[PDB]
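Structure below is work-v6.csv: CSV, C-alpha atoms.
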chain,number,residue,atom,x,y,z
X,2,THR,CA,44.5,1.7,-16.7
X,3,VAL,CA,48.2,2.5,-16.8
X,4,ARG,CA,50.1,3.2,-20.0
X,5,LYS,CA,53.6,1.8,-19.6
X,6,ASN,CA,56.9,2.5,-21.4
X,7,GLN,CA,57.3,-0.4,-23.8
X,8,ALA,CA,60.8,-0.9,-22.6
X,9,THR,CA,59.5,-1.9,-19.2
X,10,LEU,CA,57.0,-4.5,-20.1
X,11,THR,CA,57.5,-8.0,-18.8
X,12,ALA,CA,57.7,-10.9,-21.3
X,13,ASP,CA,54.2,-11.9,-20.4
X,14,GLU,CA,52.9,-8.3,-21.0
X,15,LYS,CA,54.6,-8.3,-24.4
X,16,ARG,CA,53.1,-11.7,-25.2
X,17,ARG,CA,49.6,-10.6,-24.3
X,18,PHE,CA,49.9,-7.3,-26.2
X,19,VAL,CA,51.1,-9.0,-29.4
X,20,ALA,CA,48.3,-11.7,-29.1
X,21,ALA,CA,45.6,-9.0,-28.7
X,22,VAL,CA,46.9,-7.0,-31.7
X,23,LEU,CA,47.1,-10.2,-33.9
X,24,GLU,CA,43.5,-11.1,-32.9
X,25,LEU,CA,42.3,-7.6,-33.9
X,26,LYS,CA,44.0,-8.2,-37.2
X,27,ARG,CA,42.5,-11.7,-37.6
X,28,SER,CA,39.0,-10.5,-36.9
X,29,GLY,CA,39.1,-7.7,-39.5
X,30,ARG,CA,38.9,-4.9,-36.8
X,31,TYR,CA,42.5,-3.8,-37.1
X,32,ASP,CA,42.3,-2.9,-40.7
X,33,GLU,CA,39.4,-0.5,-40.2
X,34,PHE,CA,41.6,1.5,-37.8
X,35,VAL,CA,44.1,1.7,-40.7
X,36,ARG,CA,41.3,2.8,-43.1
X,37,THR,CA,39.9,5.5,-40.8
X,38,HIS,CA,43.4,7.0,-40.2
X,39,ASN,CA,44.0,7.0,-44.0
X,40,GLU,CA,40.7,8.8,-44.7
X,41,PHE,CA,41.7,11.7,-42.5
X,42,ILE,CA,45.4,11.9,-43.5
X,43,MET,CA,44.1,12.2,-47.1
X,44,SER,CA,41.3,14.7,-46.4
X,45,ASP,CA,42.9,17.1,-43.9
X,46,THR,CA,44.4,20.1,-45.8
X,47,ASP,CA,46.0,23.3,-44.7
X,48,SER,CA,43.5,25.5,-46.5
X,49,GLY,CA,40.4,23.5,-45.8
X,50,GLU,CA,38.7,21.2,-43.3
X,51,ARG,CA,41.3,19.6,-41.1
X,52,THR,CA,40.7,17.4,-38.0
X,53,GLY,CA,43.1,14.5,-37.5
X,54,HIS,CA,46.4,16.2,-38.3
X,55,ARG,CA,48.0,19.5,-39.4
X,56,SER,CA,45.6,21.3,-37.0
X,57,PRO,CA,45.1,21.9,-33.3
X,58,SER,CA,42.9,18.8,-33.0
X,59,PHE,CA,45.8,16.6,-34.0
X,60,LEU,CA,46.4,15.8,-30.3
X,61,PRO,CA,42.8,15.3,-28.9
X,62,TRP,CA,41.9,13.4,-32.1
X,63,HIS,CA,44.8,11.0,-31.7
X,64,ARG,CA,44.0,10.7,-28.0
X,65,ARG,CA,40.5,9.5,-28.8
X,66,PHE,CA,41.7,7.3,-31.7
X,67,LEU,CA,44.2,5.6,-29.4
X,68,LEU,CA,41.5,5.1,-26.8
X,69,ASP,CA,39.3,3.4,-29.4
X,70,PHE,CA,42.2,1.1,-30.2
X,71,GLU,CA,43.0,0.4,-26.6
X,72,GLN,CA,39.3,-0.4,-25.9
X,73,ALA,CA,39.4,-2.8,-28.8
X,74,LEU,CA,42.5,-4.5,-27.4
X,75,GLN,CA,40.9,-4.7,-24.0
X,76,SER,CA,37.8,-6.4,-25.6
X,77,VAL,CA,40.2,-9.2,-26.5
X,78,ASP,CA,42.3,-9.3,-23.3
X,79,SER,CA,41.2,-7.0,-20.5
X,80,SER,CA,44.7,-7.0,-19.0
X,81,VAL,CA,46.3,-5.3,-22.0
X,82,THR,CA,46.9,-1.6,-22.2
X,83,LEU,CA,48.7,0.5,-24.9
X,84,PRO,CA,52.4,0.9,-24.2
X,85,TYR,CA,54.4,3.9,-25.4
X,86,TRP,CA,57.7,4.2,-27.3
X,87,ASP,CA,60.0,6.9,-25.9
X,88,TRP,CA,62.0,7.3,-29.0
X,89,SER,CA,64.2,9.9,-27.3
X,90,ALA,CA,65.4,7.1,-24.9
X,91,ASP,CA,65.1,3.9,-27.0
X,92,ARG,CA,66.7,5.3,-30.1
X,93,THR,CA,68.7,2.6,-31.9
X,94,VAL,CA,67.8,-0.4,-34.0
X,95,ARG,CA,69.1,-2.6,-31.1
X,96,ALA,CA,66.4,-1.5,-28.8
X,97,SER,CA,64.3,-4.3,-27.2
X,98,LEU,CA,61.3,-2.8,-29.0
X,99,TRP,CA,62.6,-4.2,-32.3
X,100,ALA,CA,63.4,-7.7,-30.9
X,101,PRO,CA,61.8,-10.8,-32.4
X,102,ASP,CA,59.7,-11.2,-29.3
X,103,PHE,CA,58.1,-7.8,-29.6
X,104,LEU,CA,57.8,-5.9,-32.9
X,105,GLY,CA,60.5,-7.5,-35.0
X,106,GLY,CA,63.3,-5.6,-36.6
X,107,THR,CA,64.1,-3.6,-39.7
X,108,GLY,CA,63.4,-4.6,-43.3
X,109,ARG,CA,65.8,-6.5,-45.5
X,110,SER,CA,67.7,-4.3,-47.8
X,111,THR,CA,66.2,-5.6,-51.2
X,112,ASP,CA,62.5,-4.8,-50.7
X,113,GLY,CA,62.2,-3.5,-47.1
X,114,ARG,CA,60.4,-6.7,-46.0
X,115,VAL,CA,60.4,-7.3,-42.3
X,116,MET,CA,61.8,-10.8,-41.8
X,117,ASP,CA,61.3,-11.5,-38.0
X,118,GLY,CA,59.0,-11.0,-35.1
X,119,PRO,CA,55.2,-11.7,-35.0
X,120,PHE,CA,54.3,-9.2,-37.7
X,121,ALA,CA,56.6,-10.6,-40.4
X,122,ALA,CA,54.7,-11.5,-43.6
X,123,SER,CA,56.1,-15.1,-43.5
X,124,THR,CA,54.1,-15.8,-40.4
X,125,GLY,CA,50.8,-15.6,-42.3
X,126,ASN,CA,49.5,-13.4,-39.4
X,127,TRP,CA,50.0,-9.9,-40.7
X,128,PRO,CA,48.6,-9.3,-44.2
X,129,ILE,CA,48.8,-5.7,-45.4
X,130,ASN,CA,45.3,-5.2,-46.7
X,131,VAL,CA,44.6,-1.4,-46.5
X,132,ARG,CA,47.3,-0.2,-48.9
X,133,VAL,CA,48.3,2.2,-51.6
X,134,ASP,CA,50.2,-0.4,-53.8
X,135,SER,CA,50.4,-4.1,-54.6
X,136,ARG,CA,52.8,-5.1,-51.8
X,137,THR,CA,51.2,-7.0,-48.9
X,138,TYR,CA,54.1,-7.4,-46.5
X,139,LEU,CA,55.2,-5.2,-43.6
X,140,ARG,CA,58.1,-3.0,-44.5
X,141,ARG,CA,60.5,-0.9,-42.5
X,142,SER,CA,63.9,0.8,-43.0
X,143,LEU,CA,64.9,1.9,-39.5
X,144,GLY,CA,67.2,4.9,-39.7
X,145,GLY,CA,67.1,4.7,-43.6
X,146,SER,CA,65.6,8.0,-44.7
X,147,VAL,CA,66.7,10.2,-41.7
X,148,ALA,CA,69.7,9.9,-39.5
X,149,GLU,CA,68.4,10.1,-36.0
X,150,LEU,CA,65.4,10.0,-33.9
X,151,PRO,CA,64.7,13.1,-31.8
X,152,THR,CA,66.7,13.5,-28.5
X,153,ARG,CA,65.4,14.4,-25.1
X,154,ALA,CA,66.9,17.9,-25.4
X,155,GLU,CA,65.0,18.4,-28.7
X,156,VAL,CA,61.8,17.2,-27.0
X,157,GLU,CA,62.4,19.5,-24.1
X,158,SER,CA,62.8,22.5,-26.5
X,159,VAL,CA,59.3,21.7,-27.8
X,160,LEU,CA,57.8,21.2,-24.4
X,161,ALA,CA,59.1,24.6,-23.4
X,162,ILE,CA,56.9,26.3,-26.0
X,163,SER,CA,54.0,28.0,-24.2
X,164,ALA,CA,51.4,28.5,-26.9
X,165,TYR,CA,49.3,25.3,-27.6
X,166,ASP,CA,48.8,26.4,-31.2
X,167,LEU,CA,48.5,29.6,-33.2
X,168,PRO,CA,46.8,31.0,-36.3
X,169,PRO,CA,46.7,29.9,-39.0
X,170,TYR,CA,46.3,26.6,-37.1
X,171,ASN,CA,47.9,24.4,-39.8
X,172,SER,CA,51.3,23.2,-40.9
X,173,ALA,CA,52.6,26.7,-41.1
X,174,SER,CA,51.9,27.4,-37.4
X,175,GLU,CA,54.3,28.4,-34.6
X,176,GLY,CA,53.5,26.9,-31.2
X,177,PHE,CA,53.6,23.6,-29.4
X,178,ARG,CA,51.2,21.5,-31.5
X,179,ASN,CA,52.9,22.1,-34.9
X,180,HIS,CA,56.4,21.7,-33.4
X,181,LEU,CA,55.4,18.4,-31.8
X,182,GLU,CA,53.7,17.3,-35.0
X,183,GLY,CA,56.9,18.3,-36.7
X,184,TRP,CA,56.0,20.4,-39.8
X,185,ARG,CA,58.1,23.3,-38.3
X,186,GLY,CA,61.2,23.2,-36.2
X,187,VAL,CA,63.5,20.4,-35.1
X,188,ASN,CA,60.6,17.9,-36.0
X,189,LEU,CA,59.4,15.3,-33.6
X,190,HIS,CA,56.4,13.2,-34.8
X,191,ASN,CA,56.8,13.4,-38.5
X,192,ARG,CA,60.5,12.6,-38.2
X,193,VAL,CA,59.7,9.4,-36.3
X,194,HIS,CA,57.5,8.3,-39.1
X,195,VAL,CA,60.2,8.9,-41.6
X,196,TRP,CA,62.8,7.1,-39.4
X,197,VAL,CA,60.8,3.9,-39.2
X,198,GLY,CA,60.2,3.9,-43.0
X,199,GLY,CA,58.1,1.3,-44.8
X,200,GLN,CA,54.3,1.7,-44.2
X,201,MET,CA,55.0,4.1,-41.3
X,202,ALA,CA,56.2,6.7,-43.7
X,203,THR,CA,53.0,6.4,-45.8
X,204,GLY,CA,49.4,7.4,-45.6
X,205,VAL,CA,48.5,3.9,-44.2
X,206,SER,CA,51.0,4.1,-41.3
X,207,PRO,CA,48.9,2.2,-38.7
X,208,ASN,CA,49.7,-0.9,-40.7
X,209,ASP,CA,52.8,-1.1,-38.5
X,210,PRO,CA,51.9,-1.8,-34.8
X,211,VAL,CA,54.6,0.6,-33.8
X,212,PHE,CA,52.2,3.4,-34.9
X,213,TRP,CA,50.3,3.1,-31.7
X,214,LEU,CA,53.3,3.1,-29.5
X,215,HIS,CA,54.7,6.2,-31.2
X,216,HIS,CA,51.4,8.0,-30.9
X,217,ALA,CA,51.1,6.9,-27.3
X,218,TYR,CA,54.3,8.7,-26.5
X,219,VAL,CA,53.2,11.8,-28.6
X,220,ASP,CA,50.1,11.7,-26.3
X,221,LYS,CA,52.4,11.5,-23.2
X,222,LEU,CA,54.3,14.5,-24.4
X,223,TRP,CA,51.0,16.5,-24.7
X,224,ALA,CA,50.3,15.5,-21.0
X,225,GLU,CA,53.8,16.6,-20.1
X,226,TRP,CA,53.3,20.0,-21.8
X,227,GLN,CA,50.1,20.5,-19.9
X,228,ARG,CA,51.8,20.1,-16.5
X,229,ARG,CA,54.6,22.4,-17.7
X,230,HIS,CA,52.1,25.0,-18.8
X,231,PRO,CA,49.1,25.0,-16.4
X,232,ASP,CA,48.0,28.4,-17.6
X,233,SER,CA,48.1,27.5,-21.3
X,234,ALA,CA,45.3,25.5,-22.9
X,235,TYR,CA,43.8,24.3,-26.2
X,236,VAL,CA,43.0,26.9,-28.8
X,237,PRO,CA,41.2,28.0,-30.8
X,238,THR,CA,38.2,28.6,-28.5
X,239,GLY,CA,35.5,29.5,-31.0
X,240,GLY,CA,34.5,30.7,-34.4
X,241,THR,CA,37.3,29.3,-36.5
X,242,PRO,CA,36.3,28.0,-39.9
X,243,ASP,CA,37.5,24.5,-40.9
X,244,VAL,CA,39.3,24.0,-37.6
X,245,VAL,CA,37.9,22.2,-34.5
X,246,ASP,CA,37.4,24.7,-31.8
X,247,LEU,CA,37.6,23.6,-28.1
X,248,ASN,CA,34.0,22.8,-27.7
X,249,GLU,CA,33.2,21.6,-31.2
X,250,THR,CA,32.8,17.9,-31.8
X,251,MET,CA,35.2,15.9,-33.9
X,252,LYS,CA,34.7,13.5,-36.8
X,253,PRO,CA,34.4,10.6,-37.1
X,254,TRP,CA,32.9,10.1,-33.6
X,255,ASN,CA,30.9,13.3,-33.6
X,256,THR,CA,30.1,12.8,-29.9
X,257,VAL,CA,33.3,14.1,-28.3
X,258,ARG,CA,35.1,17.5,-28.3
X,259,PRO,CA,38.7,18.5,-27.6
X,260,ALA,CA,37.3,19.8,-24.3
X,261,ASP,CA,36.4,16.2,-23.3
X,262,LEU,CA,39.9,14.9,-24.0
X,263,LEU,CA,42.2,17.5,-22.4
X,264,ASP,CA,42.4,15.6,-19.1
X,265,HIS,CA,43.8,12.2,-19.8
X,266,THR,CA,43.5,11.0,-16.2
X,267,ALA,CA,39.8,10.5,-16.8
X,268,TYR,CA,40.8,7.5,-18.9
X,269,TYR,CA,44.3,6.4,-18.0
X,270,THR,CA,47.5,7.5,-16.2
X,271,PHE,CA,51.1,7.1,-17.2
X,272,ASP,CA,53.7,5.0,-15.4
X,273,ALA,CA,55.5,8.3,-14.6
X,274,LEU,CA,54.5,11.6,-16.0
E,40,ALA,CA,48.8,29.5,-59.7
E,41,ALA,CA,49.2,25.7,-59.6
E,42,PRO,CA,52.6,24.3,-60.7
E,43,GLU,CA,53.1,23.4,-64.3
E,44,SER,CA,52.2,20.0,-65.7
E,45,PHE,CA,54.8,17.4,-66.3
E,46,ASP,CA,55.3,14.1,-68.1
E,47,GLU,CA,58.5,12.0,-67.9
E,48,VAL,CA,59.7,8.4,-67.5
E,49,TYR,CA,61.5,8.0,-64.1
E,50,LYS,CA,63.0,4.7,-63.1
E,51,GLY,CA,61.1,3.0,-65.9
E,52,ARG,CA,57.7,4.4,-64.8
E,53,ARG,CA,55.6,7.1,-66.4
E,54,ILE,CA,54.9,9.9,-64.0
E,55,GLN,CA,52.5,12.7,-64.9
E,56,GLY,CA,51.2,15.8,-63.1
E,57,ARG,CA,48.7,18.4,-64.0
E,58,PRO,CA,46.6,21.1,-62.4
E,59,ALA,CA,43.1,19.9,-61.7
E,71,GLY,CA,44.2,21.4,-57.0
E,72,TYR,CA,46.7,19.1,-58.7
E,73,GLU,CA,46.8,15.5,-59.9
E,74,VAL,CA,49.7,13.1,-60.2
E,75,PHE,CA,49.7,9.7,-61.9
E,76,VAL,CA,52.2,6.8,-61.8
E,77,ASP,CA,51.7,4.6,-64.9
E,78,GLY,CA,48.2,6.0,-65.3
E,79,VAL,CA,47.1,5.3,-61.7
E,80,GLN,CA,46.3,8.4,-59.7
E,81,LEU,CA,48.6,9.1,-56.7
E,82,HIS,CA,47.0,11.2,-54.0
E,83,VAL,CA,49.2,14.2,-53.3
E,84,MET,CA,48.9,17.3,-51.1
E,85,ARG,CA,50.3,20.7,-51.0
E,86,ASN,CA,51.5,22.2,-47.7
E,87,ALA,CA,51.1,25.9,-46.8
E,88,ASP,CA,54.8,26.6,-47.4
E,89,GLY,CA,54.5,25.3,-51.0
E,90,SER,CA,56.1,21.8,-50.4
E,91,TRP,CA,54.4,18.6,-51.4
E,92,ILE,CA,53.7,15.2,-50.0
E,93,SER,CA,51.9,12.0,-51.1
E,94,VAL,CA,50.1,9.0,-49.7
E,95,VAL,CA,53.2,7.0,-50.5
E,96,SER,CA,55.5,9.4,-48.6
E,97,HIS,CA,53.4,11.6,-46.4
E,98,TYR,CA,55.8,12.8,-43.7
E,99,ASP,CA,58.7,14.0,-45.6
E,100,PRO,CA,57.9,17.2,-47.7
E,101,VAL,CA,59.5,17.7,-51.0
E,102,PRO,CA,59.6,20.9,-53.1
E,103,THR,CA,57.4,20.1,-56.1
E,104,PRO,CA,54.7,17.7,-57.4
E,105,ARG,CA,57.3,16.1,-59.7
E,106,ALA,CA,59.5,15.5,-56.6
E,107,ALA,CA,56.6,13.9,-54.9
E,108,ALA,CA,56.0,11.6,-57.9
E,109,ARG,CA,59.6,10.6,-58.0
E,110,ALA,CA,59.7,10.0,-54.2
E,111,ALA,CA,56.7,7.8,-54.7
E,112,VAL,CA,58.4,5.8,-57.5
E,113,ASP,CA,61.5,5.5,-55.3
E,114,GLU,CA,59.4,4.1,-52.4
E,115,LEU,CA,57.4,1.7,-54.6
E,116,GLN,CA,60.5,-0.2,-55.8
E,117,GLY,CA,58.6,-1.3,-58.9
E,118,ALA,CA,55.2,-2.1,-57.2
E,119,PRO,CA,52.1,-1.1,-59.1
E,120,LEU,CA,50.2,1.7,-57.4
E,121,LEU,CA,46.6,0.8,-56.4
E,122,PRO,CA,43.8,3.2,-57.0
In structure tokens, what does this structure look like?
Amino acid sequence: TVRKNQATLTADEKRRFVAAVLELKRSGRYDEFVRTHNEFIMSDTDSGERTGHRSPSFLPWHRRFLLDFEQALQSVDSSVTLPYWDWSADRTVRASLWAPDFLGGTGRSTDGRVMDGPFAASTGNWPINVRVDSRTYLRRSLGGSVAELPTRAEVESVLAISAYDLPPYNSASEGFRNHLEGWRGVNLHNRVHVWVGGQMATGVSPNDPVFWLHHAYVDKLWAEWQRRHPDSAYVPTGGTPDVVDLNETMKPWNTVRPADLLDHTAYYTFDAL
Amino acid sequence: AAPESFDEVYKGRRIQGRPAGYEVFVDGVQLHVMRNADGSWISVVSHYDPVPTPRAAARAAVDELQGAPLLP
């Protein structure tokens, strides 16, 4: 399977991706991805057990989570693969990503409600069910709470960082993982969440289908880092309380380790790396 | 030491915080919040944009909710 830049999909590929996501929503499967993500975003803490985020396993955990999602999509339409959103390149509200034939656009100014595209509440096809408040409609405020998406030069400054992660292996860390996650430095991944706004800025962010495309590009950046730093590798490598060491298994699956996910080519390649 | 407790009406909603690590409520409904290692705070309504205090997290949540009742 090849993961393609969203910008490059044909109209038929976009149609088939949208249909597969809507069918996962209709069948009830989609919402359980939202719920799983929320359970870890709430339970992972800097001073305690941490697996899905704020920790070295942020990257292999999301790699496995995205594979689970892509396998669910392929169970609906075997031709579909997960595309990625290069937010350094496709960085305005006018990008084809946000067109009505793909994800739809920003929210209206009164309540943030997305009014167009396949995921607009008015279609009846995108109920927000896993939620933290009464509102059941997709919301966005593109560029509302932060000025700009990261640039290619900001991304390259993070790719340059040679340590994968460093003690204390949490949101206070130096090193590549925490600069890509964005809790320190120029801020890549967290800032994209803030830029989209609406559910993407919350603890139920997979409610927006752009979640997966954003995380597929974060996953590509890990792969790019690995080629830049062939002698650097996942850490820690054993005996770290509360943190997933390289050969420890990860929740919720329990049957996979970071070690099993370092080499993405076992599962997919990129259009260009 | 945990931050101090607080109780105020903000944008027409009662927001409360108290050490437990720390609990916040919006109109009596608990808002999940979390403290980062640097002392900043986030919540399940605004998770990716750290703010300096638990009251700032409660206010950011009320701002984002735009009047919507929080769900447990």
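If you measure from each of X:26, X:114, X:136, X:38 to chain E using only C-alpha atoms, the closest one turns out to be X:136.
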Exercise. Using only C-alpha atoms, determine which residues of chain E fall within 8 Å of chain X; present them as a VMD selection string.
Key: chain E and resid 82 84 to 88 93 to 99 115 to 116 118 to 122
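When atom CA of residue 123 of chain X is paired with atom CA of residue 139 of chain X, their separation reads 9.9 Å.
In this structure, atom CA of residue 69 of chain X sits 27.3 Å away from atom CA of residue 150 of chain X.
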Self-check item: Non-local contacts of segment 154-163 of chain X (7 Å; all atoms listed in the file; under 2 positions in same chain excluded) as a VMD selection string
Solution: chain X and resid 151 to 152 165 176 to 177 180 to 181 187 226 230 233
Any chance you could export the current selection's C-alpha atoms as a PDB file, in the frame of the given file?
ATOM      1  CA  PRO X 151      64.700  13.100 -31.800  1.00  0.00           C
ATOM      2  CA  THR X 152      66.700  13.500 -28.500  1.00  0.00           C
ATOM      3  CA  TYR X 165      49.300  25.300 -27.600  1.00  0.00           C
ATOM      4  CA  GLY X 176      53.500  26.900 -31.200  1.00  0.00           C
ATOM      5  CA  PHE X 177      53.600  23.600 -29.400  1.00  0.00           C
ATOM      6  CA  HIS X 180      56.400  21.700 -33.400  1.00  0.00           C
ATOM      7  CA  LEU X 181      55.400  18.400 -31.800  1.00  0.00           C
ATOM      8  CA  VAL X 187      63.500  20.400 -35.100  1.00  0.00           C
ATOM      9  CA  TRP X 226      53.300  20.000 -21.800  1.00  0.00           C
ATOM     10  CA  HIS X 230      52.100  25.000 -18.800  1.00  0.00           C
ATOM     11  CA  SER X 233      48.100  27.500 -21.300  1.00  0.00           C
TER      12      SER X 233
END
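Proximity to residue 36 of chain X at 8 Å, evaluated using all atoms listed in the file and with sequence-adjacent residues fewer than 4 positions away removed, yields residues 32, 40, 131 and 205 of chain X.
From atom CA of residue 80 of chain E back to atom CA of residue 102 of chain E, the distance works out to 19.4 Å.
In this comparison, which uses all atoms listed in the file, the residue of X:185, X:15, X:215, X:64 approaching residue 101 of chain X most closely is X:15.
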Practice problem: Do a neighbour search on segment 50-53 of chain X at 6 Å with only C-alpha atoms, toss out local chain neighbours closer than 2 positions, and write the hits as a list in words. | Solution: residues 41, 45, 46, 58, 59, 62, 243 and 244 of chain X
Quiz item: Contacts of residue 41 of chain E at 9 Å or less, counting only C-alpha atoms, minus same-chain residues fewer than 6 places along, as a list in words?
Solution: residues 57, 58, 59, 71 and 72 of chain E
Quiz item: So which residues touch residue 54 of chain E within 8 Å, counting all atoms listed in the file, skipping near sequence neighbours fewer than 6 positions away, as a ChimeraX atom specification?
Solution: /E:45-48,74-78,105,108-109
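Between residue 138 of chain X and the residues X:235, X:109, X:95, X:153, the shortest atom-to-atom distance, using all atoms listed in the file, involves X:109.
Nearest-residue note for residue 142 of chain X: choosing from X:119, X:182, X:94, X:251, the minimum distance belongs to X:94, counting all atoms listed in the file.
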